[PDB]
Amino acid sequence: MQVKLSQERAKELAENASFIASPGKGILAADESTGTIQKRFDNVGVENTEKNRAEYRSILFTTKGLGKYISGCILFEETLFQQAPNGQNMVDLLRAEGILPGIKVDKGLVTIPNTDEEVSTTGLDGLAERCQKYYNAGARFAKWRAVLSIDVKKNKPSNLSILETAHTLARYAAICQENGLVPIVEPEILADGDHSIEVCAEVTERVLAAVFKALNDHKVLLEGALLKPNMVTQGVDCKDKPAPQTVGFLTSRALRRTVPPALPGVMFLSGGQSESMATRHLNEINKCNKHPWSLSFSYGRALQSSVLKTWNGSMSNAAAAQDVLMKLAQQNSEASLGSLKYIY
Amino acid sequence: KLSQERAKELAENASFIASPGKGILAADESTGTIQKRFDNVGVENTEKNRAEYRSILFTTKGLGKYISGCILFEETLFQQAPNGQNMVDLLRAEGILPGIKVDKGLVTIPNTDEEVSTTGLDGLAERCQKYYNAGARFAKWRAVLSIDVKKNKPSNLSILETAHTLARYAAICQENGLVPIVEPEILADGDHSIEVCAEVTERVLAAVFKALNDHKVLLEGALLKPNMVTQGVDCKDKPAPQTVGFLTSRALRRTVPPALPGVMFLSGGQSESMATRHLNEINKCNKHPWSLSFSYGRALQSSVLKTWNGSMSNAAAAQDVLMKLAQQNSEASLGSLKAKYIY
Amino acid sequence: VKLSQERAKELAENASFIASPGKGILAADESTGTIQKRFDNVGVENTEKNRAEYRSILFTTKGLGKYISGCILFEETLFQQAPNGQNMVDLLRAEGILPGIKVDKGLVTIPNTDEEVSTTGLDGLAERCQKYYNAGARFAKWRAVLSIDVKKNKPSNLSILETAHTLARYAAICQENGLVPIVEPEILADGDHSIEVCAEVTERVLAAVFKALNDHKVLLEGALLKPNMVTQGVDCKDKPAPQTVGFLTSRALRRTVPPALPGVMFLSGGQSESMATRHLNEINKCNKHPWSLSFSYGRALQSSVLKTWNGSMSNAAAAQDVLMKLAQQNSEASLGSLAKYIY
Amino acid sequence: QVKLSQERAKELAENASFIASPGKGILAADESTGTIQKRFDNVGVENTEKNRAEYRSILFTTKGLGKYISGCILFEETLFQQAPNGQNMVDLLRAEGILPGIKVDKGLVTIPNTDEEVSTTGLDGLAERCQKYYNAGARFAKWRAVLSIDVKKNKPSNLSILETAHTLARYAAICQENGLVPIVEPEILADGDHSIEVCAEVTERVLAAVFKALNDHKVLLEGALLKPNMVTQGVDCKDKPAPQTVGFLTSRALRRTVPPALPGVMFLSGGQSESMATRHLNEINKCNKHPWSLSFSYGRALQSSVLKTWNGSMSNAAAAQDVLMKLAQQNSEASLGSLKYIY
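The PDB entry annotates chain C as Fructose-bisphosphate aldolase originating from Babesia bovis. Listed as the entry title in the PDB record is "Crystal structure of fructose-1,6-bisphosphate aldolase from Babesia bovis at 2.1A resolution". The record in UniProt for chain C states the following under Catalytic activity (unreviewed entry): "beta-D-fructose 1,6-bisphosphate = D-glyceraldehyde 3-phosphate + dihydroxyacetone phosphate". On record in UniProt, under Pathway (unreviewed entry), the comment for chain C is "Carbohydrate degradation; glycolysis; D-glyceraldehyde 3-phosphate and glycerone phosphate from D-glucose: step 4/4."

Under the PDB entry, the name given to chain A is Fructose-bisphosphate aldolase, and the organism recorded is Babesia bovis. Entered under Catalytic activity (unreviewed entry) in the UniProt record, the comment concerning chain A runs "beta-D-fructose 1,6-bisphosphate = D-glyceraldehyde 3-phosphate + dihydroxyacetone phosphate". Regarding chain A, the relevant UniProt record gives this comment under Sequence similarities (unreviewed entry): "Belongs to the class I fructose-bisphosphate aldolase family."

What follows is the structure in structure tokens.
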């Protein structure tokens, strides 16, 4: 347990972060907790037993050739320590595909006092010890989700929300790096509400400027980190649908205006977007310019909805489910290279 | 989401704790801190012996004349004395508010030279609710900063982390019914001058109070527990107690808004006597808009423990010594104990 | 460049003098374009002779120094002679009143804001302060302006940041060159926001201002603040009690202003002569406070004086009596002797 | 107009990208009267307006200079000056295809209560000067801020950095409002005996602060340029690092802090020789692919030998111009990494 980051440990983080950011690859977010996976399984009539969770994840992680398109897979703690039905460790299934295991290390959201229901992410207590344990089990990257809301009538996100988001993300990132894990820094601005794409662009640029200043103040090594931001879109209830081209351009611009080139990758979240839109948008983001970091994906639902539906709880559909995962992984791989087959 | 009635309860309790002539007894030593002290009087460090010792403190007749609050460790808040009475009921019978330590300890900040962060925000609201239900009405959380001129400590990062985390802790406490004691302790370690301590103390407090504002902490329902301004432990200079009084007063006057009802000093490694004398001098040198009092552990208990010496034969004598130290610190809190520095 | 003990001592003595109990500041520092307006309203031609006459009548009011500790001038007046050839500065000395000087050069818009503003005048400020000190000035004034608009999120972060940073630079430069800075972050009462919103904004803005003053090493002991009172907006249909303005102003200040600051000298804005006085009185009555709570009034001390003079020396005596009446009542207000809001 | 329009943003972005054109850099010819004095003293030339006009005319009539030079920064005198044959200096630059630029700062003053750290002046009336300069043909501006490293005195102080970042951001925003691309120059001096590692750490901290401020002030990075120091050891440091190390650490500092939307980073060379300024630029470009141009804005490094060759005689003008072209050429090749990891 050492406090100052050494050249050798910085190097391992940098190499791992660059690997995860490999051109044409992205992240499979398979890190649903027991409560979250309950809803996904409810949607397809499948009972949420530990057995069914092991079966479903083993199907994902034995998808032949998945490693051609997936560089990392974020796990929930259960799955990181779990074996598949045939006795193989989940981590060893990932290794066999050439996929780095990752681990969700946050403990969920609580309300910030004297805000209108804005939130803080918990989990700093014991984080170093959890990181050490996860590293020893084979995890090489981590994930922590902060959440911000846009509400123009209520002046959201508040200063206090942004300040809390930035400080706490920076602490988590510094602690990860101290204990061998590449942090994925995730400041998710929700798309809830009826604000325009212009308001999202303005909010996203301010938020990211604060987040990167904080990472600098906390001595986070950007070479050994990744960003997982929202794309810049209109709100879910906004009546003005911009083109996917405008989403692409304003997302690229927000990032070009705020993200230093030393960061090796930006791995987008898809939020409530459909499988198709999540891919089309990533493609548009990449086509509109040359960028000094990889622009790729860290998708959960946008890689799994159709897969869950196809599996439908039966090993007889395992092969079919795996093919659906490969199609989605493949199209997102192409979208990350801008190859799917100025506003100041 | 702070309501008028919650704000009012906080303000009343904070003003009570800061009552003129009263201060805080800190009885919140962990099993591990208690160990060495019980070793020196030949007493086994068991739960029942800690209850025995603390029951002596909490049945001291008239202690509530000088003590407004007593900070407990969790064990003690839920504990019974040897005769089966709840420790919390003993404090209530004295007219003393129970308080509770809610932090979980110190960890090093990455990429600093051994500078520290205080842990305990995870689950804090729920701990506060449980402690409130058990009778606690104020909380304690300690942050630590170090001075080192050569290494530029305390670093910007130490100060930012300190201010931000204290403010989060203070906000959560207030949301859940407890008055937070905000304690940014600047250690006296090292050989720096009193003037360096003064400059650092003023900077740190400016940062702390700005963060409390940013987090919407109600000052009217909080208290501060700072270091006094003193030279470092290895400093060869020995400033007069009048100078400690003046520079401590100046540092607080320059930084602490008058809406805060009380400043309850920590004593650090100061002797029982010096802790009282410094407090007196701080109060003597000026009029102040907040109470300037004490929140003392060892500076109220060292001679008490030594007098008790592990035996109930000496309990009444030990109580007499506590009353003497409690009284002299009460008097000190009212300023009534019985080239040049810029204004 | 580094504040010496004697320089620091002179600043602190002069700031305490300006804040002397029962005294306030006459703001007589209307620029040419501003006094045009006041003179228009009473049919008087804006010539320099008329300005010299009018100001010389103010500054020869017998006994004015009993109520007025300081008088802020415009540059013209600081170097001007009254009609009989006496220097205006010497008239003020004969009254026992310290001269002060407005040292800002006006407002310009901050780019990419909705018409929010920055105050200009830092270029050559040290050399202006030196020249003004030599001519007799011992305090300075600089006005920053902020607006409240909840829908547009005014005042913006950029407005607050620019206001705080620039006021701190000005303050520090004044102190380096012998002048006590009056720090004036004026939040306008324009618009229809509630008094609660004004309270909240005023507290945020003062927290940012005092933090910046700390960051720039401004000596609070040798400075003064000139804030808005906390009032509802001009177009707000609430009409809170004068007691509420008193309570919320006192609260905002108690929550943010360290006691080392010797005085808070309010601006009156668009308030009437009587309301400016009544509000000051209520602010003082509702609590004890560690700084003077007094006045730095222009219109509120002069509108009736000007209307009585009406451009004729035959009314000089009458005009002076009116000035003494308004100075007196404000002197008395400064001593407080003329479901619910959170404590 | 106060809000930057799409068309005016577009003009700034096009001009900034042009200045950053691959293989081109900036001739910094913006020496003030007092600075050019010193340069002329080295070659025994009298500092008269005629000599300044003569020398600059020789620079600006160098045949083919615009193949290597995209922009030339002028001092105000020169912007409004005629060369000896009656042509405007600005027209000489236009004939070369070079954009005229203008220095808009008014020099350095000390920040109070620092150890001789400095603030850059010139915000007062900047908008109006920018307009007048634009009308005269200028399309970009420059403002120099200065920071010092001194590990024993903890320089650069927080105050130095805060002041530097805030004031640069104000200047940049005002330039953009009035049609000029701002060169943002936070120069960290190489004075002292600190290591290259200390310079790396300080540079990264300063740049992080500067870019956050630029964001807070709504500065359009697409229409701006950066002029930073290279990362080098101090002038009196006894360890000489490899040119490759300067290359790498400079790239790394920028990669860690400068968003890609900025089109160009145009280095200052400080005390470096003509050769070292070029070699270092080449190494910076060679060590990586970068999303902004890495080029030069050189004064002495493009001019020392030119001045020495000229020697105050028009009969050496052609020889002087050939020297300029040689140095312009080599720096052009260096800006493409074509001269002919530490975490």
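Structure's up, so let's keep going.
Enquirer: Looking at this model, I keep getting lost on the overall build of chain A. Mind explaining?
Expert: A count of helical and extended segments in chain A gives 12 helices and 10 strands. Radius of gyration (C-alpha) of chain A: 19 Å, near the 20 Å computed for a compact globule of 344 residues. Principal-axis analysis of the C-alpha atoms places the extent of chain A at approximately 55 × 50 × 40 Å.

Enquirer: Explain the overall build of chain C here, please?
Expert: Tallying secondary structure elements over chain C gives 12 helices and 10 strands in all. On C-alpha atoms alone, chain C measures out to a radius of gyration of 19 Å, which is about the 20 Å that the 2.2 N^0.38 rule sets for 343 residues. Principal-axis analysis of the C-alpha atoms gives chain C an extent of 55 × 45 × 40 Å.

Enquirer: Sorry, what's going on with the interface of chain A and chain D here?
Expert: The extent of an interface is frequently quoted as the accessible surface area lost upon association of the parts. Residue-level contacts link 26 residues of chain A with 26 residues of chain D. Of the roughly 2,000 Å² buried between chain A and chain D on both sides combined, carbon and sulfur atoms contribute 62%. Taken as a group, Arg-256, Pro-261 and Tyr-344 of chain A account for 30% of the area that chain A buries against chain D, more than any other trio of residues on that side. Summed over the shared surface of chain A and chain D, the result is two salt bridges. Linking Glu-222 of chain D and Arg-257 of chain A is a salt bridge whose minimum nitrogen-to-oxygen distance equals 2.9 Å. At the boundary of chain A and chain D, one finds 10 residue pairs in polar contact. Looking at the side of chain A that touches chain D, the elements with two or more residues in it are α1 (7-20), α8 (197-217) and α9 (244-256) of chain A. Take the side of chain A that touches chain D: its biggest share by element is six residues, from α8 of chain A. Here the residues of the side of chain A that touches chain D are counted per class, giving 15 nonpolar, three polar and eight charged.

Enquirer: Explanation requested: the environment of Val-119 of chain A in the structure shown.
Expert: Residues and elements named next belong to chain A. Within the secondary structure, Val-119 sits in strand β5 (residues 119-121). Taking the relative accessible area as the measure of exposure, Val-119 reaches 18% and is therefore buried. Counting along the chain gives 28 residues from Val-119 to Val-147, while the straight-line C-alpha distance between them is 6.6 Å.

Enquirer: Sorry, what's going on with the pattern of salt bridges here?
Expert: If charged atoms from side chains of opposite charge come close, those side chains can pair. One pass over the structure, following the stated rule, counts 70 salt bridges over all chains. Salt-bridge contacts for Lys-213 of chain A lead to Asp-217 of chain A; the nearest nitrogen and oxygen are separated by 2.7 Å. Note that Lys-213 of chain A and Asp-217 of chain A are positioned in helix α8 at a spacing of four residues, about one turn of the helix. A residue is classified by how much of its surface remains accessible, and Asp-217 of chain A, at 26% relative accessible area, is partly exposed. The salt bridge involving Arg-92 of chain B is made with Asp-89 of chain B; its shortest N-O contact spans 3.3 Å.

Enquirer: Whenever I open this one, the packing of aromatic side chains confuses me. Can you help?
Expert: The relation between two aromatic rings is expressed through the spacing of the ring centres and the mutual angle of the planes. This structure, assessed with the given rule, holds 28 aromatic pairs over all chains. Both rings, one in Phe-78 of chain B and one in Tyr-131 of chain B, keep their centres 6.4 Å apart while their planes meet at 50 degrees; by these two values the pair is tilted. Here the residue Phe-78 of chain B occupies a position in the loop between α4 (74-77) and α5 (87-94), and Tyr-131 of chain B occupies one in helix α6 (residues 124-134), the gap between them amounting to 53 residues. Judged by its relative accessible area of 42%, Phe-78 of chain B is partly exposed. With a centroid separation of 5.5 Å and an interplanar angle of 45 degrees, the aromatic rings of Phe-295 of chain C and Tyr-297 of chain C are classed as tilted. Taken as a pair, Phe-295 of chain C and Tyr-297 of chain C share a single burial class, namely buried.

Enquirer: Whenever I open this one, the nonpolar core confuses me. Can you help?
Expert: Core analysis: the biggest nonpolar cluster contains 108 residues, and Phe-60 and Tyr-171 of chain D have the highest contact counts within it. For this core, the leading source of residues is helix α8 (residues 196-216) of chain D, giving 11 residues. Residues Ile-17, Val-102, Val-182 and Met-264 of chain B belong to the second largest nonpolar core, which totals 107 residues.

Enquirer: How do you make sense of the packing of helix α7 (residues 158-177) of chain D against α8 of chain D when you look at a structure like this?
Expert: Helix packing for two helices is described by the angle between their axes and how far apart those axes are. Residue and element names in this part refer to chain D. Interhelical geometry of α7 versus α8 gives an angle of 40 degrees and a closest axis separation of 8 Å. The orientation of α7 relative to α8 falls into the category oblique. Of the two possible hands of crossing, α7 and α8 adopt the one that is right-handed. Contact with α7, carried on its side by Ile-161, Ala-165, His-166, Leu-168, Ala-169 and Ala-172, involves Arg-205, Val-206, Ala-209, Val-210, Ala-213 and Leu-214 of α8 and no other residues of that element. Residues that form the contact of α7 with α8 fall into these classes: 10 nonpolar, one polar and one charged.

Enquirer: In this structure, what is going on with helix α6 (residues 127-136) of chain A? I would like to understand it.
Expert: Spacing of three or four residues puts side chains on the same side of an α-helix, whose turn is 3.6 residues. All names here are of chain A. All buried positions along α6 are accounted for by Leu-127, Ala-128, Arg-130, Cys-131 and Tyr-134. The buried residues of α6 occupy one face: seen down the axis, they fall within an arc of 160 degrees. What points out from α6, more than 90 degrees from its buried face, is the exposed set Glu-129 and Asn-136. Of the surrounding elements, those touching the buried residues of α6 are α4 (77-80), β3 (100-104), β6 (141-148) and α7 (159-178). Just downstream of α6, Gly-138 is the residue with a positive phi angle, here 110 degrees.

Enquirer: What's the story with the environment of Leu-294 of chain D in this structure? I'm lost.
Expert: Among the secondary structure elements, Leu-294 of chain D is positioned in strand β10 (residues 293-298). A C-alpha to C-alpha distance of 9.0 Å links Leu-294 of chain D and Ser-251 of chain D, two positions 43 residues apart in sequence.

Enquirer: Explain unusual backbone geometry to me, please; I cannot follow it from the model alone.
Expert: For residues besides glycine, phi is generally negative; the peptide bonds are generally trans as well. With an omega of 5 degrees, the peptide bond between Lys-156 of chain A and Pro-157 of chain A qualifies as cis. Following the sequence through the fold, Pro-157 of chain A ends up in the loop between β6 and α7. Along the chain, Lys-153 of chain B connects to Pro-154 of chain B via a cis peptide bond; the corresponding omega equals 5 degrees. Looking at where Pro-154 of chain B falls in the secondary structure, it is placed in the loop between β6 (138-145) and α7 (156-175). With phi around 55 degrees, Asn-312 of chain A is a residue other than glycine that occupies positive phi space. Note that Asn-312 of chain A resides in the loop between α11 (301-311) and α12 (318-335).

Enquirer: How should I be thinking about the pairing of strand β1 (residues 26-30) of chain A in this particular structure?
Expert: On a regular strand, one side chain projects to one face of the sheet and the next to the other, so that they alternate. Residues and elements named next belong to chain A. Where burial is concerned, most of β1 is hidden: five out of the five residues are buried. Bridging between β1 and strand β2 (residues 70-75) involves five bridges; their strand directions are parallel. Across the sheet, the residue bridging to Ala-30 is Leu-75, located in β2. Pairing geometry for β1 and strand β10 (residues 294-299), over two bridges, is parallel. Counterpart to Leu-28 in the pairing with β10 is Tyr-299.

Enquirer: It is not clear to me how the pairing of strand β2 (residues 69-74) of chain D should be interpreted in this structure. Could you clarify?
Expert: Residues and elements named next belong to chain D. Among the six residues that make up β2, six are buried, leaving the element largely enclosed by the rest of the structure. Both strand β1 (residues 25-29) and β2 contribute to a ladder of five bridges, which runs parallel. Across the sheet, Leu-27 pairs through a bridge with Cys-72, a residue of β2. Pairing of β2 with strand β3 (residues 99-103) involves four bridges; the strand directions are parallel. The residue of β3 that forms the bridge with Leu-74 is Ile-102.

Enquirer: Explanation requested: the environment of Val-247 of chain A in the structure shown.
Expert: All names here are of chain A. Mapped onto the elements, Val-247 comes out in helix α9. A relative accessible area of 2% means that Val-247 is categorised as buried. In sequence terms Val-247 and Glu-284 are 37 residues apart; their C-alpha atoms lie 7.6 Å from each other. Here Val-247 is in contact with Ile-197, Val-232, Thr-233, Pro-242, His-281 and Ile-285, once residues within four sequence places are set aside.

Reading the values: the criteria
Residues numbered from 1 in each chain as written, not as in the entry; some residues may be left out. Chains lettered and ligands numbered in written order. Heavy atoms only, no water. Residues with missing side-chain atoms left out of burial classes, pairs and counts. UniProt positions renumbered as here; feature names shortened; annotations may be inferred. Helix = DSSP H or I, 4+ residues; strand = E, 2+ residues; numbered from the N terminus. Rg over C-alpha atoms; globule rule 2.2 N^0.38 Å. Contact = heavy atoms within 4.5 Å. Buried area = accessible area lost by both parts, 1.4 Å probe. Salt bridge = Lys/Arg side-chain N within 4 Å of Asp/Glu carboxyl O. Polar contact = N/O pair within 3.5 Å; in protein donor to acceptor, adjacent residues only side chain to side chain. Nonpolar A, V, L, I, M, F, W, Y, C, P; charged D, E, K, R; others polar. Buried < 20%, exposed > 50% of the residue type's maximum accessible area, 1.4 Å probe, protein only. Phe/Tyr/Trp six-rings, centres within 6.5 Å; stacked < 30°, edge-to-face > 60°. Core = buried A, V, L, I, M, F, W, Y, C linked by side-chain atoms within 4.5 Å. Axes fitted to C-alpha atoms, helices over the stretch in contact; angles between N-to-C directions. Parallel < 35°, antiparallel > 145°, perpendicular 65-115°, else oblique. Left-handed = near helix turned anticlockwise from the far one by under 90°. Arc of directions from axis to C-beta. Pairing = 2+ DSSP bridges.

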